[PDB]
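*Asks:* I am attaching a structure below and will ask some questions about it afterwards.
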Amino acid sequence: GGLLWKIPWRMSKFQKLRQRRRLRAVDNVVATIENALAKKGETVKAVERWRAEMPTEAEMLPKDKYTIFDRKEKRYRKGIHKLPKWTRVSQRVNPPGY
Amino acid sequence: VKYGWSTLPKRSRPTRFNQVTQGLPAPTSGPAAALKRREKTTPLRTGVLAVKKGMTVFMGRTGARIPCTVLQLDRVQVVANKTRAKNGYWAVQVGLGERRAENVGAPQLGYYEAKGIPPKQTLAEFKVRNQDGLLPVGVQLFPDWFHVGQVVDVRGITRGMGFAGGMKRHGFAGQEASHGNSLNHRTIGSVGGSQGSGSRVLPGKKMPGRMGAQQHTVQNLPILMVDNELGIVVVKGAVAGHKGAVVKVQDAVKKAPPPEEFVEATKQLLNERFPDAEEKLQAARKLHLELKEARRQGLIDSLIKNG
Amino acid sequence: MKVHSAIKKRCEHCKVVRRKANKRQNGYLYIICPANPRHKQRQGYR
Amino acid sequence: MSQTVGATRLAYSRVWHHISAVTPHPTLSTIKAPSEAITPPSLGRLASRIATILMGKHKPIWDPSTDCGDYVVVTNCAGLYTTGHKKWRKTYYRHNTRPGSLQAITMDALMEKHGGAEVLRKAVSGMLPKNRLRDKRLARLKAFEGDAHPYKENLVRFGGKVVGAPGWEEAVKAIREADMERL
Amino acid sequence: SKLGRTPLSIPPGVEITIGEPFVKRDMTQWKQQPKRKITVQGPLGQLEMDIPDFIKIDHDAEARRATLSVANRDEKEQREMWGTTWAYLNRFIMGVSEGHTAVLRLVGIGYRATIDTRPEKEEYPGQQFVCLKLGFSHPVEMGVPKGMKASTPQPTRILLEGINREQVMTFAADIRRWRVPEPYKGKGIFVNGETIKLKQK
RNA sequence: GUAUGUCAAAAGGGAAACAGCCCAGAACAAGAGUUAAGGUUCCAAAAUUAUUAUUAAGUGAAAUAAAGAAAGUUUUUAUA
RNA sequence: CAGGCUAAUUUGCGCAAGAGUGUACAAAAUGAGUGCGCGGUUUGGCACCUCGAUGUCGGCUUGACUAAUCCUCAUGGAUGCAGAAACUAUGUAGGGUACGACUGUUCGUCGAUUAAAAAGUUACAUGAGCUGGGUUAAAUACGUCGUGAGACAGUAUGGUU
RNA sequence: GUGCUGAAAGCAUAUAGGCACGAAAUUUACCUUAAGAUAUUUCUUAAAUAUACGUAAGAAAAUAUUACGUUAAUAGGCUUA
Ligand SMILES: [K+]
Ligand SMILES: [K+]
Ligand SMILES: [Mg+2]
Ligand SMILES: [Mg+2]
Ligand SMILES: [Mg+2]
Ligand SMILES: [Mg+2]
Ligand SMILES: [Mg+2]
Ligand SMILES: [Mg+2]
Ligand SMILES: [Mg+2]
Ligand SMILES: [Mg+2]
Ligand SMILES: [Mg+2]
Ligand SMILES: [Mg+2]
Ligand SMILES: [Mg+2]
Ligand SMILES: [Mg+2]
Ligand SMILES: [Mg+2]
Ligand SMILES: [Mg+2]
Ligand SMILES: [Mg+2]
Ligand SMILES: [Mg+2]
Ligand SMILES: [Mg+2]
Ligand SMILES: [Mg+2]
Ligand SMILES: [Mg+2]
Ligand SMILES: [Mg+2]
Ligand SMILES: [Mg+2]
Ligand SMILES: [Mg+2]
Ligand SMILES: [Mg+2]
Ligand SMILES: [Mg+2]
Ligand SMILES: [Mg+2]
Ligand SMILES: [Mg+2]
Ligand SMILES: [Mg+2]
Ligand SMILES: [Mg+2]
Ligand SMILES: [Zn+2]
């Protein structure tokens, strides 16, 4: 190609700090909504699905926070900053073994 | 930068503060390093100013015809010595001919006044290797300053040729004559490429312009004849310039200096022909102060009409 | 000498050394062999 | 507005600072322990500090348009500190717009032709704003190779003790105690 | 290292004089590493070297021994100079007492050698010049360095002598550089028993 | 073709410069105001800010050239 | 047409591996079918883009740069380096690489010299510098195709640069 | 490309450390233009100096450059060779 989209393949230590803090901020929203309902003895299907199949920032591996699964990459991994609107989208789980 | 790798302001003088005696490495540049990498080439002795008088052949006994140029020495004196502690290099200033006092300016009249030398026509410096090349001021150099068979270099200004073309100036071939050519016979043709070459004419491009009237040096020219009465020094080959032009003659840099005996005999002949070159110089310097002090006070008229 | 991208020992006397490394360059990997001078190899191009 | 009303004569004056490229600098060195391992300020870290002084960005009255910079005398530039192998592997390039007239020279060879002061000026030059004050500011960087320089009388003093000398700090504090004895 | 631990037996007559940590001021460097001037005097001469400061010498004058040791075996720079500094002291001790020798053999029809004086190119008064007739068109003459004694017991046998091994062996390599041994006939200059394997034919 | 967005018709900040990417939707001013993306040695606003390791190649530092080679070096697992 | 993207292909190359040849012996030399690559010269693909073109190029004038080297300089390997010559490879682009005949042209082919008569990029590098060998016509003849007007990457002569 | 000393690694090693040989390339040297610090026991108090004009030229498209102007051989004429 000729149109230059200068996107580095890896993130900087400053972007990683904000990715860590963005994952840790979505945990407080799900922990606030999950505890607010438990006091009322209530539950939601989407709040129970999240806690089941999604990990917290303290349970994620570094490669799951800064990378995603791309079948067209050599090692099936791609920088998470390559995902559209990656800053306002949730992406924590990748296919097993990849 | 402006010239080279240096960003130092031109008005700053830091040389004396970076001394090798303080433990600093001897710089690779500077007057000291320039003289050290020219020690072998630099001529041991001074040169002479000569006037090109014409070309001829030196016919030798048994059959030798050697084309040669005649250079005449016309009252060649030593005017000033340039030392390393005062100027930064070793050299001797030589004068040639004479000039009318009216045409010589006051700045230069007081310059010769402090030496005892009549005003000269031209002046030129000849670099010497060390302090042994400096001669007494006011001594005349005769053709015997050289010896027959001594190779020398002659530096002279080449003949002027005005605005030259591409053929005469750079040896361009030109273009065709009759096979359809259109107004482009002696023209230079292409001046460059196209957008892939910078869309500009490249610095250093050869083009028409002025040719000649510049200094040219002919090296390794033997000395075939030395005639004191005539005052001429006949050298082999051609020399740059017209007849009647002044040229600079000195030992060849690419050849070994003359034997130690010769460099000493020539220096020993100046002490005989001019037994008192310092007494006549100190007397002229002593007089310059009196006249320079009379000019300052304004009483110069008194001294002029003293006798 | 043979400039390969993959230098290997071809006998028990072949030694792997890095020569010509100085304050101005990194040098090359060499296979030096006193028994057979045909095993002389270098890794890298000047 | 009152904070600026007064005599700003001494805020715009040019101060002659001094730093030695050989003296260990605890603040500008990356090795902070042990005491004997503290190194001097590297070329680029000494140049970034000098560029700040040349711009006057250390004063509370700094303005990019006003030329409120100061002087900086750098001595012992022959012992300029560098890391790795820059001295023999770093190249300085130069071109005069003529194809083929590219000039290359290494730091060690440029330190032989023009000394270590030239290598310092080339670093401080690229750290200044690229504008019409660049050559004025860079000219106030007086770099020398040894311990000698003509500005041994211009260096700022406090009670007779040059700043950076052994006991200058005690001379500065002895003058501020005499100042407080007034209304 | 396993060589730096071995004590250095000082034979009778050899005297070791250890200096004090000093630093020669270098305007080009901001910090020079201290060194120690070691003098090893004896019957034949005196040699000196400057060792890093981290190397510690246990000079036992009672038993006439000296063992080396470094301040940190974990540093690569200290492990290296430990074995090297020991290898030099071993040569200095065995070079000032007995001396170092190098024997060169000239193989080839027409190869000779003579020790004559060339006063024209003398670098120091009385310099000896080894003249080699190695089938060249020009003569090969090389002045012996100051401190070495060269003699030729036979026309095809040179004998270099000196207290500094690096100086003796480095001068023998200059002579051998004119005619390096060939593998077809064995012609050349062999230094200290050096041999070359020949071909079948 | 399909799904989603932007540009088109969207200025401003970041991506060295940049229709389409990352942020964010410009009515006008003021403020060391609070933040996004992104950054904080100098150019150039803000850390030469703390902790633990690796690298010695200026590798790298905002656009990953591959298989492969090798007493480069560190760690781990075994091991004499 | 040139520039732009791509690199199938190439008269562009490198590296890895080693069936095999080398009387012997893989790696002196040689290297099947392959793999991993660089690069942008040939023939192509695409179509962001209307412009000096269908041999896209030749000659002349004048260059500048590259290095994958024909000559000159230093050098490792070569049971297959005795010497000489030659082979292979590593450094190195300072200066050179001419002249003529026949071929529309470069493709090419040959003659006789020469230390050698090597290549490529630069919009055929260069026509507001030249040429017109070309880049296009209308005239005419012949050949082939078409019922015909006409057509042809045909052939020959001529044709405001 | 070829060495000396020599360890890490008892050996080996032109590997670290300490020395060295080595090319039509690079640098210097050589030549030219440019640069204009500096030098002179240099000149100047309204000048030194330069210019203009006139005769020219070692210079030449203009300009510039280098001489000369009567105490003068700058150009022309004349005279001799
Ligand atoms: K004509
Ligand atoms: K080698
Ligand atoms: Mg592009
Ligand atoms: Mg003329
Ligand atoms: Mg002609
Ligand atoms: Mg341009
Ligand atoms: Mg232009
Ligand atoms: Mg700027
Ligand atoms: Mg529209
Ligand atoms: Mg926008
Ligand atoms: Mg930036
Ligand atoms: Mg604030
Ligand atoms: Mg700032
Ligand atoms: Mg880099
Ligand atoms: Mg077989
Ligand atoms: Mg070759
Ligand atoms: Mg061989
Ligand atoms: Mg041979
Ligand atoms: Mg050259
Ligand atoms: Mg052409
Ligand atoms: Mg054109
Ligand atoms: Mg017709
Ligand atoms: Mg017909
Ligand atoms: Mg006609
Ligand atoms: Mg050893
Ligand atoms: Mg050895
Ligand atoms: Mg004066
Ligand atoms: Mg006047
Ligand atoms: Mg005129
Ligand atoms: Mg007349
Ligand atoms: Zn082997």
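Within each chain, counting starts at residue 1; across the structure tokens, chains are named A, B, ... in the order shown, with ligands numbered 1 upward in that order.
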Only residues of chain G matter here; which ones have an atom within 12 Å of chain A, counting only C-alpha atoms (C1' of nucleotides)? Give them as a ChimeraX atom specification.
*Replies:* /G:4-6,48
*Asks:* Within 6 Å of chain B, which residues of chain G show up when using only C-alpha atoms (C1' of nucleotides), listed as a ChimeraX atom specification?
*Replies:* /G:61-62,122,125-126,129-130
*Asks:* Per residue of chain G within 12 Å of ligand 19, record the nearest atom pair and its distance in Å to one decimal, counting only C-alpha atoms (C1' of nucleotides) and all ligand atoms, with rows in chain order and ascending residue number, as a Markdown table.
*Replies:*
```
| residue | atom | partner | partner_atom_place_in_ligand_line | distance |
| --- | --- | --- | --- | --- |
| G:93 | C1' | ligand 19 | 1 (Mg) | 11.6 |
| G:94 | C1' | ligand 19 | 1 (Mg) | 5.0 |
| G:95 | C1' | ligand 19 | 1 (Mg) | 9.2 |
```
*Asks:* Filtering to C-alpha atoms (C1' of nucleotides), could you give me those residues as a PDB file, in the first residue's frame?
*Replies:*
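part_25.pdb was written with the following content:
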```pdb
ATOM      1  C1'   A G  93      33.748   1.948  -7.682  1.00  0.00           C
ATOM      2  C1'   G G  94      40.058   6.044  -7.773  1.00  0.00           C
ATOM      3  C1'   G G  95      40.525   6.249 -13.030  1.00  0.00           C
TER       4        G G  95
END
```
*Asks:* All residues within 12 Å of ligand 27 are required, counting only C-alpha atoms (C1' of nucleotides) and all ligand atoms; please report them as a list in words.
*Replies:*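 The residues within 12 Å of ligand 27, counting only C-alpha atoms (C1' of nucleotides) and all ligand atoms, are residues 106, 107, 108, 110, 111, 114, 288, 289, 292, 293 and 296 of chain B; 39, 40, 41, 42, 43, 44 and 48 of chain H.
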*Asks:* Residues as selected, C-alpha atoms (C1' of nucleotides), written as a PDB file, in the first residue's frame, can you do that?
*Replies:*
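Written out: part.pdb:
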```pdb
ATOM      1  CA  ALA B 106      51.535  57.248   2.603  1.00  0.00           C
ATOM      2  CA  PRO B 107      50.675  53.973   4.417  1.00  0.00           C
ATOM      3  CA  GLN B 108      53.336  52.248   2.302  1.00  0.00           C
ATOM      4  CA  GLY B 110      56.046  54.906   6.047  1.00  0.00           C
ATOM      5  CA  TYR B 111      56.349  51.130   5.701  1.00  0.00           C
ATOM      6  CA  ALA B 114      61.077  51.984   8.681  1.00  0.00           C
ATOM      7  CA  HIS B 288      61.487  56.477  11.392  1.00  0.00           C
ATOM      8  CA  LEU B 289      60.743  57.275  15.043  1.00  0.00           C
ATOM      9  CA  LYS B 292      56.981  59.648  12.989  1.00  0.00           C
ATOM     10  CA  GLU B 293      57.289  61.824  16.102  1.00  0.00           C
ATOM     11  CA  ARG B 296      52.635  63.610  15.299  1.00  0.00           C
TER      12      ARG B 296
ATOM     13  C1'   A H  39      51.143  41.140  10.585  1.00  0.00           C
ATOM     14  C1'   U H  40      53.861  46.380   9.677  1.00  0.00           C
ATOM     15  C1'   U H  41      58.645  49.619  15.553  1.00  0.00           C
ATOM     16  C1'   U H  42      52.524  51.227   8.284  1.00  0.00           C
ATOM     17  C1'   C H  43      49.159  55.808   7.341  1.00  0.00           C
ATOM     18  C1'   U H  44      45.045  59.417   8.810  1.00  0.00           C
ATOM     19  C1'   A H  48      44.704  58.818   5.056  1.00  0.00           C
TER      20        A H  48
END
```
*Asks:* Work out how far apart CA of residue 82 in chain B and CA of residue 214 in chain B are and give it in Å to one decimal.
*Replies:*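 CA of residue 214 in chain B lies 25.3 Å from CA of residue 82 in chain B.
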*Asks:* Could you write out, as a ChimeraX atom specification, all the residues of range 53-293 of chain B that DSSP marks as strand (DSSP E)?
*Replies:* /B:53-60,64-72,76-82,91-96,122-127,140-141,152-157,160-164,209-212,215-221,223-227,232-236,246-251
*Asks:* Write a file of the just-selected residues containing C-alpha atoms, as an mmCIF file, in the first residue's frame.
*Replies:*
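Result went into part.cif, see below:
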```cif
data_model
loop_
_atom_site.group_PDB
_atom_site.id
_atom_site.type_symbol
_atom_site.label_atom_id
_atom_site.label_comp_id
_atom_site.auth_asym_id
_atom_site.auth_seq_id
_atom_site.Cartn_x
_atom_site.Cartn_y
_atom_site.Cartn_z
ATOM 1 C CA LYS B 53 61.089 38.128 -20.758
ATOM 2 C CA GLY B 54 60.504 35.572 -23.513
ATOM 3 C CA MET B 55 61.089 32.048 -24.754
ATOM 4 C CA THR B 56 64.066 30.588 -26.612
ATOM 5 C CA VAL B 57 66.250 27.480 -26.879
ATOM 6 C CA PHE B 58 69.433 26.646 -24.984
ATOM 7 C CA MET B 59 71.803 25.164 -27.554
ATOM 8 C CA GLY B 60 74.313 22.893 -25.848
ATOM 9 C CA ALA B 64 71.342 19.446 -27.448
ATOM 10 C CA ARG B 65 68.489 21.885 -28.146
ATOM 11 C CA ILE B 66 66.494 22.573 -24.969
ATOM 12 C CA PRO B 67 63.438 24.886 -25.126
ATOM 13 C CA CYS B 68 63.610 27.341 -22.246
ATOM 14 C CA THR B 69 61.984 30.450 -20.782
ATOM 15 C CA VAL B 70 63.971 33.501 -19.651
ATOM 16 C CA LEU B 71 63.142 35.083 -16.283
ATOM 17 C CA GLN B 72 64.889 38.296 -15.222
ATOM 18 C CA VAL B 76 65.057 41.672 -5.823
ATOM 19 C CA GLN B 77 65.389 42.690 -2.164
ATOM 20 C CA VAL B 78 64.372 41.151 1.148
ATOM 21 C CA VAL B 79 61.714 43.386 2.697
ATOM 22 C CA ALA B 80 60.369 41.523 5.738
ATOM 23 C CA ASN B 81 60.609 38.197 7.558
ATOM 24 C CA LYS B 82 57.441 36.526 8.854
ATOM 25 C CA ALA B 91 58.133 33.159 5.342
ATOM 26 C CA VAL B 92 60.213 35.863 3.666
ATOM 27 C CA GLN B 93 58.703 38.892 1.930
ATOM 28 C CA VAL B 94 60.503 39.753 -1.318
ATOM 29 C CA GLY B 95 60.265 42.951 -3.350
ATOM 30 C CA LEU B 96 60.769 43.592 -7.065
ATOM 31 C CA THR B 122 55.404 44.275 -6.094
ATOM 32 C CA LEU B 123 55.654 42.210 -2.918
ATOM 33 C CA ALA B 124 55.293 38.480 -2.343
ATOM 34 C CA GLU B 125 55.827 35.990 0.475
ATOM 35 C CA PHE B 126 57.718 32.703 0.164
ATOM 36 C CA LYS B 127 57.129 30.091 2.849
ATOM 37 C CA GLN B 140 69.649 41.837 -2.855
ATOM 38 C CA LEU B 141 69.140 38.398 -4.399
ATOM 39 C CA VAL B 152 62.341 24.957 -9.313
ATOM 40 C CA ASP B 153 58.643 25.811 -9.459
ATOM 41 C CA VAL B 154 57.452 28.921 -11.306
ATOM 42 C CA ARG B 155 54.137 30.443 -10.196
ATOM 43 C CA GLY B 156 52.590 32.979 -12.555
ATOM 44 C CA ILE B 157 49.215 34.341 -13.584
ATOM 45 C CA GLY B 160 43.538 36.183 -19.759
ATOM 46 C CA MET B 161 40.949 34.788 -22.160
ATOM 47 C CA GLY B 162 37.755 36.612 -21.186
ATOM 48 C CA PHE B 163 34.365 34.941 -21.424
ATOM 49 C CA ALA B 164 35.061 31.485 -22.856
ATOM 50 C CA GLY B 209 32.286 31.816 -18.353
ATOM 51 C CA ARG B 210 35.535 33.642 -17.811
ATOM 52 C CA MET B 211 38.765 31.735 -18.449
ATOM 53 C CA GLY B 212 42.371 32.552 -17.651
ATOM 54 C CA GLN B 215 47.714 31.601 -10.937
ATOM 55 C CA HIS B 216 49.283 28.457 -12.403
ATOM 56 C CA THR B 217 52.280 26.508 -11.084
ATOM 57 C CA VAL B 218 54.718 24.569 -13.278
ATOM 58 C CA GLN B 219 56.741 22.150 -11.153
ATOM 59 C CA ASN B 220 60.147 20.537 -11.712
ATOM 60 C CA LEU B 221 61.762 22.978 -14.140
ATOM 61 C CA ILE B 223 67.829 25.794 -14.373
ATOM 62 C CA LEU B 224 69.827 25.746 -17.608
ATOM 63 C CA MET B 225 71.697 29.062 -17.318
ATOM 64 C CA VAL B 226 72.480 31.645 -14.641
ATOM 65 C CA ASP B 227 73.865 35.002 -15.813
ATOM 66 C CA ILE B 232 68.370 36.243 -15.928
ATOM 67 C CA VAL B 233 67.542 32.716 -14.782
ATOM 68 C CA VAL B 234 66.777 30.501 -17.783
ATOM 69 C CA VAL B 235 64.375 27.665 -16.928
ATOM 70 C CA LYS B 236 63.320 24.739 -19.086
ATOM 71 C CA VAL B 246 56.109 39.005 -12.580
ATOM 72 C CA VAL B 247 56.437 35.356 -11.553
ATOM 73 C CA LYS B 248 57.491 33.579 -8.365
ATOM 74 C CA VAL B 249 60.403 31.123 -8.513
ATOM 75 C CA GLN B 250 61.298 28.788 -5.650
ATOM 76 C CA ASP B 251 62.753 25.350 -5.029
#
```
*Asks:* I'd like to know which of E:165, E:199, E:185, E:65 is closest to chain H, using only C-alpha atoms (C1' of nucleotides).
*Replies:*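 Among E:165, E:199, E:185, E:65, it is E:165 that comes nearest to chain H.
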*Asks:* With only C-alpha atoms (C1' of nucleotides) considered, list every residue of chain C at most 10 Å from chain H, as a ChimeraX atom specification.
*Replies:* /C:1,13,15-21,27,29-30,32
*Asks:* Quick one: write out the picked residues with N, CA, C and O atoms as an mmCIF file, in the first residue's frame?
*Replies:*
```
data_model
loop_
_atom_site.group_PDB
_atom_site.id
_atom_site.type_symbol
_atom_site.label_atom_id
_atom_site.label_comp_id
_atom_site.auth_asym_id
_atom_site.auth_seq_id
_atom_site.Cartn_x
_atom_site.Cartn_y
_atom_site.Cartn_z
ATOM 1 N N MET C 1 38.761 -19.475 2.827
ATOM 2 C CA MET C 1 37.699 -18.903 3.642
ATOM 3 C C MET C 1 36.381 -18.940 2.888
ATOM 4 O O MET C 1 36.347 -18.754 1.674
ATOM 5 N N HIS C 13 38.941 -30.288 15.634
ATOM 6 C CA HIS C 13 39.887 -29.197 15.823
ATOM 7 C C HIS C 13 39.310 -27.832 15.470
ATOM 8 O O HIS C 13 39.999 -26.823 15.651
ATOM 9 N N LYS C 15 37.384 -24.454 15.891
ATOM 10 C CA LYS C 15 37.079 -23.600 17.029
ATOM 11 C C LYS C 15 36.250 -22.409 16.571
ATOM 12 O O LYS C 15 36.463 -21.877 15.478
ATOM 13 N N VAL C 16 35.309 -21.991 17.413
ATOM 14 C CA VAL C 16 34.445 -20.848 17.135
ATOM 15 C C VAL C 16 34.988 -19.650 17.900
ATOM 16 O O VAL C 16 35.027 -19.658 19.136
ATOM 17 N N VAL C 17 35.403 -18.617 17.169
ATOM 18 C CA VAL C 17 35.953 -17.406 17.764
ATOM 19 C C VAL C 17 35.337 -16.197 17.076
ATOM 20 O O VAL C 17 34.954 -16.252 15.904
ATOM 21 N N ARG C 18 35.238 -15.097 17.819
ATOM 22 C CA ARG C 18 34.768 -13.819 17.295
ATOM 23 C C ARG C 18 35.955 -12.869 17.220
ATOM 24 O O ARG C 18 36.454 -12.409 18.253
ATOM 25 N N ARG C 19 36.399 -12.570 16.004
ATOM 26 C CA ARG C 19 37.568 -11.736 15.773
ATOM 27 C C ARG C 19 37.165 -10.458 15.049
ATOM 28 O O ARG C 19 36.062 -10.338 14.511
ATOM 29 N N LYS C 20 38.084 -9.494 15.055
ATOM 30 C CA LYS C 20 37.916 -8.191 14.418
ATOM 31 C C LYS C 20 36.882 -7.324 15.122
ATOM 32 O O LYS C 20 36.414 -6.333 14.554
ATOM 33 N N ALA C 21 36.506 -7.676 16.347
ATOM 34 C CA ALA C 21 35.639 -6.838 17.162
ATOM 35 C C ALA C 21 36.501 -5.826 17.907
ATOM 36 O O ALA C 21 37.415 -6.207 18.646
ATOM 37 N N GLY C 27 32.518 -7.146 14.754
ATOM 38 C CA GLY C 27 33.284 -8.306 14.355
ATOM 39 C C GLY C 27 32.434 -9.368 13.694
ATOM 40 O O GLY C 27 31.246 -9.192 13.410
ATOM 41 N N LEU C 29 31.887 -13.912 13.468
ATOM 42 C CA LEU C 29 32.145 -15.236 14.014
ATOM 43 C C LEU C 29 32.967 -16.027 13.006
ATOM 44 O O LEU C 29 32.629 -16.071 11.820
ATOM 45 N N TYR C 30 34.043 -16.648 13.479
ATOM 46 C CA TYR C 30 34.951 -17.399 12.629
ATOM 47 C C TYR C 30 34.998 -18.856 13.065
ATOM 48 O O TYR C 30 34.794 -19.179 14.238
ATOM 49 N N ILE C 32 37.953 -21.362 12.950
ATOM 50 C CA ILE C 32 39.385 -21.485 12.708
ATOM 51 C C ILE C 32 39.790 -22.928 12.968
ATOM 52 O O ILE C 32 39.415 -23.514 13.991
#
```
*Asks:* Tell me which protein, DNA and RNA residues are within 10 Å of residue 143 in chain E, counting only C-alpha atoms (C1' of nucleotides), leaving out same-chain ones fewer than 5 positions away, and put them as a list in words.
*Replies:*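 The residues that qualify are residues 115, 116, 117, 118, 121, 122, 123, 124, 127, 128, 129, 130, 131, 150 and 171 of chain E.
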*Asks:* Output the neighbourhood of ligand 4 as a PyMOL selection string, that is, all protein and nucleic acid residues with some atom at most 9 Å from the ligand, counting only C-alpha atoms (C1' of nucleotides) and all ligand atoms.
*Replies:* (chain B and resi 159-162+213+242) or (chain H and resi 57-60)
*Asks:* Could you list the residues in chain B lying within 12 Å of chain D, using only C-alpha atoms, and format the result as a VMD selection string?
*Replies:* chain B and resid 1 to 31 33 to 34 197 to 198 200 to 205
*Asks:* Return as a PyMOL selection string the residues belonging to chain G that are within 10 Å of chain E, counting only C-alpha atoms (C1' of nucleotides).
*Replies:* chain G and resi 79+81-82
*Asks:* Using N, CA, C and O atoms (P, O5', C5', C4', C3', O3' and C1' of nucleotides), can you write the selected residues to a file as a PDB file, in the first residue's frame?
*Replies:*
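The resulting file, out-v5.pdb, is reproduced below:
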```pdb
ATOM      1  P     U G  79      44.768 -29.246  -2.943  1.00  0.00           P
ATOM      2  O5'   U G  79      44.602 -30.672  -3.631  1.00  0.00           O
ATOM      3  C5'   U G  79      43.790 -31.674  -3.040  1.00  0.00           C
ATOM      4  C4'   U G  79      44.615 -32.854  -2.598  1.00  0.00           C
ATOM      5  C3'   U G  79      45.042 -33.821  -3.691  1.00  0.00           C
ATOM      6  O3'   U G  79      46.171 -33.364  -4.416  1.00  0.00           O
ATOM      7  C1'   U G  79      44.221 -35.030  -1.826  1.00  0.00           C
ATOM      8  P     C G  81      44.057 -27.398  -8.168  1.00  0.00           P
ATOM      9  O5'   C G  81      44.871 -27.050  -6.846  1.00  0.00           O
ATOM     10  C5'   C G  81      46.269 -27.282  -6.770  1.00  0.00           C
ATOM     11  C4'   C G  81      47.036 -25.985  -6.730  1.00  0.00           C
ATOM     12  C3'   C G  81      48.516 -26.091  -6.401  1.00  0.00           C
ATOM     13  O3'   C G  81      49.300 -26.432  -7.532  1.00  0.00           O
ATOM     14  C1'   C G  81      47.534 -24.368  -5.108  1.00  0.00           C
ATOM     15  P     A G  82      49.987 -27.881  -7.646  1.00  0.00           P
ATOM     16  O5'   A G  82      51.534 -27.591  -7.412  1.00  0.00           O
ATOM     17  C5'   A G  82      52.030 -27.277  -6.121  1.00  0.00           C
ATOM     18  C4'   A G  82      53.460 -26.803  -6.182  1.00  0.00           C
ATOM     19  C3'   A G  82      53.710 -25.542  -6.996  1.00  0.00           C
ATOM     20  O3'   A G  82      53.428 -24.352  -6.282  1.00  0.00           O
ATOM     21  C1'   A G  82      55.275 -27.192  -7.617  1.00  0.00           C
TER      22        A G  82
END
```
*Asks:* Env of residue 18 in chain D: 12 Å cut, atoms = only C-alpha atoms (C1' of nucleotides), seq-sep filter 3 positions within chain, self excluded. Answer as a PyMOL selection string.
*Replies:* chain D and resi 15+21+23+50+53+70-76+140-144+147+149+151-157+162-165
*Asks:* At a cut-off of 10 Å, which residues of chain E touch chain B? Count only C-alpha atoms and give the answer as a list in words.
*Replies:*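 Here they are: residues 25, 26, 27 and 28 of chain E.
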*Asks:* Expressed in Å to a single decimal, how great is the separation between CA of residue 274 in chain B and CA of residue 135 in chain B?
*Replies:*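 Value for the CA of residue 274 in chain B-CA of residue 135 in chain B distance: 11.7 Å.
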*Asks:* Would you list the residues that come within 9 Å of ligand 11? Count only C-alpha atoms (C1' of nucleotides) and all ligand atoms and give the answer as a PDB file with N, CA, C and O atoms (P, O5', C5', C4', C3', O3' and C1' of nucleotides), in the first residue's frame.
*Replies:*
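Below is the file selection_29.pdb, written as the result:
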```pdb
ATOM      1  P     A F  16       3.579  10.230  14.092  1.00  0.00           P
ATOM      2  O5'   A F  16       3.111  11.751  13.996  1.00  0.00           O
ATOM      3  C5'   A F  16       3.490  12.707  14.978  1.00  0.00           C
ATOM      4  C4'   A F  16       4.438  13.741  14.416  1.00  0.00           C
ATOM      5  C3'   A F  16       4.028  14.397  13.104  1.00  0.00           C
ATOM      6  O3'   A F  16       3.154  15.497  13.307  1.00  0.00           O
ATOM      7  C1'   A F  16       6.331  13.766  13.040  1.00  0.00           C
ATOM      8  P     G F  39       1.730   7.422  24.200  1.00  0.00           P
ATOM      9  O5'   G F  39       2.335   8.609  25.075  1.00  0.00           O
ATOM     10  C5'   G F  39       3.468   9.348  24.639  1.00  0.00           C
ATOM     11  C4'   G F  39       3.389  10.789  25.081  1.00  0.00           C
ATOM     12  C3'   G F  39       4.309  11.202  26.223  1.00  0.00           C
ATOM     13  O3'   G F  39       5.613  11.538  25.778  1.00  0.00           O
ATOM     14  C1'   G F  39       2.113  11.972  26.653  1.00  0.00           C
ATOM     15  P     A F  62       9.332   5.722  19.623  1.00  0.00           P
ATOM     16  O5'   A F  62       8.039   4.869  19.263  1.00  0.00           O
ATOM     17  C5'   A F  62       8.102   3.792  18.333  1.00  0.00           C
ATOM     18  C4'   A F  62       7.084   3.959  17.234  1.00  0.00           C
ATOM     19  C3'   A F  62       7.488   4.922  16.122  1.00  0.00           C
ATOM     20  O3'   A F  62       6.851   4.543  14.904  1.00  0.00           O
ATOM     21  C1'   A F  62       5.570   5.749  17.187  1.00  0.00           C
TER      22        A F  62
END
```
